[PDB]
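Going by the working numbering, the sequence shown runs without a break in its numbering and finishes at 136.
Ideal Cβ positions, reconstructed from N, Cα and C, are used throughout, including at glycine.
This report concerns only the one structure given below.
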Amino acid sequence: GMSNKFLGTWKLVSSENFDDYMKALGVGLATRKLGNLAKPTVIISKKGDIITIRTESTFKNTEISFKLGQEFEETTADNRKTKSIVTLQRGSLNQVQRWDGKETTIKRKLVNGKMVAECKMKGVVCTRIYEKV
Ligand SMILES: CCCCCC/C=C\CCCCCCCCCC(=O)O
Numbered sequence: 004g005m006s007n008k009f010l011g012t013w014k015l016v017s018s019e020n021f022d023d024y025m026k027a028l029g030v031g032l033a034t035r036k037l038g039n040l041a042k043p044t045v046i047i048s049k050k051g052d053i054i055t056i057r058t059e060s061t062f063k064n065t066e067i068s069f070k071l072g073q074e075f076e077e078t079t080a081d082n083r084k085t086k087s088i089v090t091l092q093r094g095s096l097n098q099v100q101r102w103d104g105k106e107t108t109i110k111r112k113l114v115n116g117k118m119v120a121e122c123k124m125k126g127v128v129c130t131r132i133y134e135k136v
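Below you can see the structure in the form of structure tokens.
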């Protein structure tokens, strides 16, 4: 199952190419400016077979809960209404969002004690590094 080492509170410390990823998602400039500057936390918790991922910024939060393998509805931080699914593959949490005939992936893995999120939209890739608080 998901490693217990995912559980807890993670703080963003570095990011690369997030602006273009947000462009590719259709996010407008004003919102991209906040996404490029903010350093969110990501809180991962689990109760039974339900994993919860809560993202906190001072001006925008989000939260998803899911069971591995099972599709769920998600309203994203940029206000997309998606059908999403998270699977566990080779120790990574692999989240796919689908909306409007579009698709994006957000893979979260543990590497050297950090959480690495890799995001892909139509070949535009970004990486975000999180440390464990
Ligand atoms: C929720 C707190 C940050 C919100 C500020 C920016 C608003 C919208 C940008 C939309 C980006 C959607 C991707 C969010 C990041 C997914 C990968 C990650 O968790 O690091």
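Worksheet entry | Reference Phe75, options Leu15, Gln92, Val99 and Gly104, closest by Cα | For the options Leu15, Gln92, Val99 and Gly104, the alpha carbon positioned closest to that of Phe75 is the one of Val99.
Worksheet item: Count the other CB atoms within 10 Å of the CB of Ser17; is the residue buried (16 or more) or exposed (fewer)?
Response: Answer is exposed; the Cβ neighbour count stays below 16.
Practice prompt. Taking only runs that begin and end inside the segment 24 to 53, name each unbroken alpha helix (DSSP H) of 4 or more residues, in chain order.
Written response: List check, alpha helix (DSSP H) in window: 32 to 40.
Fill in: Three-way DSSP call (helix, strand, coil) for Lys70 in this model
Here DSSP, grouped into helix, strand and coil, assigns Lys70 to coil.
Worksheet item: For ligand 1, any of its heavy atoms closer than 8 Å to the Cβ of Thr65?
Response: Yes - ligand 1 has a heavy atom lying nearer than 8 Å to the Cβ of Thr65.
Worksheet item: Quick one: is the Cβ of residue 142 within less than 8 Å of any heavy atom of ligand 1?
Response: Nothing can be reported for residue 142: it is not among the residues displayed for the chain, which extend from 4 to 136.
Item to complete: Verify the contact flag: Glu77, CB atom, against every heavy atom of ligand 1, threshold strictly below 8 Å.
Response: Taken from the Cβ of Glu77, every heavy atom of ligand 1 lies 8 Å or farther away.
Worksheet item: Can the beta-carbon of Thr58 be found less than 9 Å from the beta-carbon of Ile46?
Response: The answer is yes: Cβ separation under 9 Å.
Discussion item. Excluding the 5 residues flanking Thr44 on each side, which residues of the same chain have their C-beta closer than 6 Å to its C-beta?
Written reply: Within the same chain, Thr44 has close Cβ partners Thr12, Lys14 and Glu59.
Discussion item. Less than 7 Å between C-beta atoms, sequence neighbours within five positions excluded: which residues of the same chain meet that for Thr90?
Written reply: If we look at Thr90 and ignore the five residues flanking it on each side, its Cβ neighbours are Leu71, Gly72 and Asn97.
Worksheet item: To the nearest whole angstrom, what separates the beta carbons of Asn39 and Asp23, a pair I think is in contact under 8 Å?
Response: The distance from the Cβ of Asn39 to that of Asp23 is about 11 Å, inconsistent with a contact at the 8 Å cut-off.
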